[PDB]
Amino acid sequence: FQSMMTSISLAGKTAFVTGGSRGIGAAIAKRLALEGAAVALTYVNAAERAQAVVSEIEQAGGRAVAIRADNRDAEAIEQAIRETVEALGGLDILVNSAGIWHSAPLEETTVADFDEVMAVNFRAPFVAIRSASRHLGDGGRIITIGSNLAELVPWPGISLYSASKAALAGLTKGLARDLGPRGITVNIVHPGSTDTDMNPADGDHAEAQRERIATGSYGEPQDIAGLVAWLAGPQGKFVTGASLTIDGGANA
């Protein structure tokens, strides 16, 4: 029992979660802290929201800090990581969960739009990974939040966003090979339609997404956080280089 509960536990692990101020990232930072991890979560400008996530985690008995780090700035990410390490003792779990949504007709998409989507969706995860990777040891975890649009693109208008997430899945396989011999697993979780600010369960346009879902409704951030928390702990030890889609069957 208590042995299987040792199976679930993250006590003594330090997590770094980008995009921890809201939606999926905040739900992950909370679930990781619920299982015992000390959590550093980052935010770009939403200072108050990030502090309130730290307060919720403290109220439920956990430990957390909010650090300001603009994902466009590699130095800011690397400093945030160094700070986490110094303040919380080490770094055992990295979760990349700071993606931004983008949608527009191709005829209205510029080269600056590509540059902007990639700087945050694709380049900022690589920066965090390459820097977290000096600190991680045997038992370390890297989990990236992708999208089910990484595998299947049903609509026009979303090439940049879809591509940024497909790139992360390809980066994930190659990083699993790099970090495997050190005992670190590297995986990517692909959420489907999840009731958030970025993607409200109320349409407009919810219906097109909702229609796809085999089990009939949008999921919740908590669904994604539970898969991340399972991967982050001892039971995820034989999963690496993997893509795990959690999308209600939209992609079936």
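All residue numbers refer to positions in the sequence shown, first residue = 1.
> Averaging only over Cα atoms, indicate whether 66 to 74 or 218 to 226 has the higher B-factor in the PDB entry.
The deposited B-factors put 66 to 74 ahead on the C-alpha mean.
> Hey, which bit's got the bigger mean C-alpha B factor in the entry, 102 to 110 or 140 to 148?
Between 140 to 148 and 102 to 110, it is 102 to 110 that shows the higher mean C-alpha B-factor.
> Highest recorded C-alpha temperature factor, please, choosing from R134, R123, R177, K165.
Top of the list by C-alpha B-factor: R134.
> Can you tell me which of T18, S243, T14, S9 has the maximum CA B-factor listed in the PDB entry?
Largest recorded C-alpha B-factor: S9.
> Looking at the temperature factor on the CA atom of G36, which third of the chain's modelled residues does it land in?
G36: CA B-factor falls in the middle third of its chain.
> Sort the modelled residues of this chain by their C-alpha B factor and say whether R182 lands in the lowest, middle or highest third.
According to the entry, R182 has a C-alpha B-factor in the chain's middle third.
> Based on the deposited C-alpha B factors for this chain, I'd like to know if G170 is in the lowest, middle or highest third.
Tercile = lowest for this residue's CA B-factor.
> Comparing against every modelled residue in the chain, figure out the third that the C-alpha B-factor of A206 lands in (lowest, middle or highest).
For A206, whose C-alpha B-factor we compare with every modelled residue in the chain, the answer is the highest third.
> Using the B-factor values recorded in the entry, state whether the Cα atom of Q79 falls in the lowest, middle or highest third among the modelled residues of its chain.
Ranked within chain, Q79 CA B lands in the highest tercile.
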